[PDB]
Amino acid sequence: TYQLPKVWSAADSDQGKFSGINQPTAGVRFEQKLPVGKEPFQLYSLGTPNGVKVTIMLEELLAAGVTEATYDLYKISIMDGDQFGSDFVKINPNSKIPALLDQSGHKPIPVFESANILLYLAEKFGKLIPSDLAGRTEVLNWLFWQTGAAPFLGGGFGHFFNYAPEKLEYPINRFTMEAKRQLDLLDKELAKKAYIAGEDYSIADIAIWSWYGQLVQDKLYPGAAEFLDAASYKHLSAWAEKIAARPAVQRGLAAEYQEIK
Amino acid sequence: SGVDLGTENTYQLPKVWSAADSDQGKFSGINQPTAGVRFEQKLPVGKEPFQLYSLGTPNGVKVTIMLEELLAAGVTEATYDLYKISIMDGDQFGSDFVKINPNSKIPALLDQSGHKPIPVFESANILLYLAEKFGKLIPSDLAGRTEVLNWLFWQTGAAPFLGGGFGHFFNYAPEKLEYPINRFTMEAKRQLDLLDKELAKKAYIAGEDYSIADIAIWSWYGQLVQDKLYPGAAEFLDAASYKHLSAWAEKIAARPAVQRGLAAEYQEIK
Ligand SMILES: N[C@@H](CCC(=O)N[C@@H](CSSC[C@H](NC(=O)CC[C@H](N)C(=O)O)C(=O)NCC(=O)O)C(=O)NCC(=O)O)C(=O)O
Ligand SMILES: N[C@@H](CCC(=O)N[C@@H](CSSC[C@H](NC(=O)CC[C@H](N)C(=O)O)C(=O)NCC(=O)O)C(=O)NCC(=O)O)C(=O)O
């Protein structure tokens, strides 16, 4: 039996793979100057579900003839703690990738949260979200949905299934049930629509594919697709395959992250 | 006649997971590994431009606060009908509610001010929708807007750790489990520290002006540090040690539209 204290103080507690990285405090841990290249967009990121959203988006824009959507891509190693460097924290004080700088204009604009970066780029160039209120709203319903759902998938299911030191039954069941509910939701939606927000591929599809599409394609945690009965979600699976064959998606996944040190 | 979207105005990990009747505490009857409608339900639709199907939770109060801030700012067209969706009763799985929000979470909003109604779900998206509709509580310049959105999306991506992680394991799980509690308490504290440090530098989360991002953040973190959420949690988290966050939380709690949003009455649907 573990005793719950009145006031929590276990700063040194085991956090699995991210022991040392995870802390009860935020902010800068060391001085860091990040490189800045010539392209309008500087992307400080890593090839994770959240990072690939942004390279995919940029490649989709490039593939549609938006010539300004070129970017410099730099590797932020989250296991090394690069996300706690002074320059990175300036861009994203939450110390998570992806983080972006738009230096197309007079002064650079810092953008973080992967879904927000997708929205920012979509509105800047008028691509991959409808310009009519009804269509825009439905994309946003699902884009925000993804932002609020993925934490359970990655931070709940993924953590306990793959990165916690012991396999803990109760958390795994709790978070697996939620992951399945989410998969079932998306499957049932995609049984009625070509893409998540209707007839047209959108930033919501990019956001959702990067987590749920890769998941059911068995590209994420080892054994997870099988554990979750991924193949049983036929409409989600068919949509994930369709999106995986887009050239911009393939280029987004294959993008080269340059060293910062 | 209800909502009409068409009409005019040591444990062994198995190889494949199998569900169970596993006791999740309070929400065991309700939670399932599938989504969708569970029964037929016609929701009331009133006369006001905004129909809000919700409950007085951290996610729900964001929207009543927003609507009341808009009204307090002179937006006479931001009146609403407010209806109680009981999440313990499973009202969120009724046919009309699922038609507005297939994810079956409150809050969900119908904007029937235009020619056809527009369903809006996700509390943060509802805030953004209302802010853009009326041009208030988000800046119109790109830099100002982007900073608000950074924090609005942040809130949406962070609250699951606070409610679904910390809240659940601290308050709702039948047993107090050490590893989950330490994981999610540490993350909650990181979030509180992050916010405290921002609010030491700025009057509101995105700068000198109050925004939808403050509403979204306050509704969780503000209420949390004011000891209004799970019993013992503010003490457990050392909430009073976050002095800039706590002062900001008090400041916003004193706003008249915030009080009115908290006090709103949720009408019965059945
Ligand atoms: N909502 C943000 C999430 C960004 C994010 O999670 N970034 C991760 C890498 S993506 S890789 C997937 C990621 N895992 C992690 O971040 C692992 C570390 C974490 N501290 C932990 O203990 O779980 C995850 O589950 N995310 C949940 C979600 O998407 O909402 C990161 O930089 N981590 C650095 C750190 O934590 O120090 C967004 O969409 O931009
Ligand atoms: N991202 C959505 C979340 C909305 C939401 O979570 N709504 C809750 C009530 S807010 S009350 C706070 C809420 N808790 C719950 O939803 C409790 C029920 C849940 N199934 C469980 O067992 O954990 C929570 O932790 N939220 C996490 C977050 O905000 O990201 C709901 O309708 N639940 C019905 C259901 O689950 O069937 C939003 O911002 O609108």
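Protein chains get the first letters and strands the later ones, always in sequence-line order, with residue 1 at the start of each.
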Pairing residues for [X] by the side-chain hydrogen bond (donor to acceptor under 3.5 Å, both in side chains) criterion, not counting sequence neighbours:
{"X": "B:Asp196", "result": "none"}
{"X": "A:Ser237", "result": "none"}
{"X": "A:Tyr44", "result": "none"}

Interatomic distance, [X] atom [atom1] to [Y] atom [atom2] [nearest 0.5 angstrom]:
{"X": "A:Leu185", "Y": "B:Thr34", "atom1": "CG", "atom2": "OG1", "answer": "10.5 Å"}
{"X": "B:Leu192", "Y": "B:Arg190", "atom1": "CG", "atom2": "CZ", "answer": "10.0 Å"}
{"X": "A:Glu60", "Y": "A:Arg246", "atom1": "CD", "atom2": "CZ", "answer": "4.0 Å"}
{"X": "A:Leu140", "Y": "B:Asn125", "atom1": "CG", "atom2": "CG", "answer": "5.0 Å"}

With sequence neighbours excluded, tell me which residues meet ring-ring contact (aromatic ring centres under 6.0 Å, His included) with [X].
{"X": "A:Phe18", "value": "A:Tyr163"}
{"X": "A:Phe157", "value": "A:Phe161"}
{"X": "A:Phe112", "value": "B:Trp151"}
{"X": "A:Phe175", "value": "A:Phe160"}

Among side-chain atoms of [X] and [Y], is any donor-acceptor pair under 3.5 angstrom?
{"X": "A:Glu113", "Y": "A:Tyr120", "answer": "no"}
{"X": "B:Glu175", "Y": "A:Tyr170", "answer": "no"}
{"X": "B:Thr10", "Y": "B:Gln12", "answer": "no"}

- Answer yes or no: is there a side-chain heavy-atom contact under 4.5 Å between A:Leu34 and A:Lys90? no

- Message: Could you tell me if the side chain of A:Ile56 sits less than 4.5 Å from the side chain of A:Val249, heavy atoms only?
- Response: yes

- From B:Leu127, B:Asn101, B:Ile126, residue fulfilling side-chain contact (heavy atoms from CB on, under 4.5 Å) relative to B:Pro107: B:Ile126

Whether over 12 other heavy atoms sit under 6.0 Å from [X] [atom1]:
{"X": "B:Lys228", "atom1": "NZ", "answer": "no"}
{"X": "A:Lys188", "atom1": "NZ", "answer": "yes"}
{"X": "A:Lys180", "atom1": "NZ", "answer": "yes"}

- Task: Determine which pairs satisfy salt bridge (charged side-chain N to carboxylate O under 4.0 Å, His left out) with at least one residue from residues 6-30 of chain A, sequence neighbours left out, and list them in order.
- Result: none

- Note on the structure: Residues pairing under salt bridge (charged side-chain N to carboxylate O under 4.0 Å, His left out) where one sits in residues 189-212 of chain A, two or more places apart or in two chains, turn out to be A:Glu189-A:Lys192, A:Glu189-A:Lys193

Would you give me the side-chain donor-acceptor pairs under 3.5 Å for residues 143-154 of chain A, sequence neighbours excluded?
unit_1, atom_1, unit_2, atom_2, d
A:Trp145, NE1, B:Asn103, OD1, 3.2
A:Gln146, OE1, A:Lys53, NZ, 3.4
A:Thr147, OG1, A:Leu143, O, 3.1

- Please list all pairs passing the side chain to side chain donor-acceptor pair (under 3.5 Å) test where one or both residues lie in residues 230-239 of chain B, with sequence neighbours left out. none

- Between B:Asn182 and A:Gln15, which heavy-atom pair has the shortest distance, and what is it? O-OE1, 3.7 Å

- Item | Residues that A:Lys96 engages under salt bridge (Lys or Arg N to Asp or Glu O under 4.0 Å), provided they are two or more places apart | none

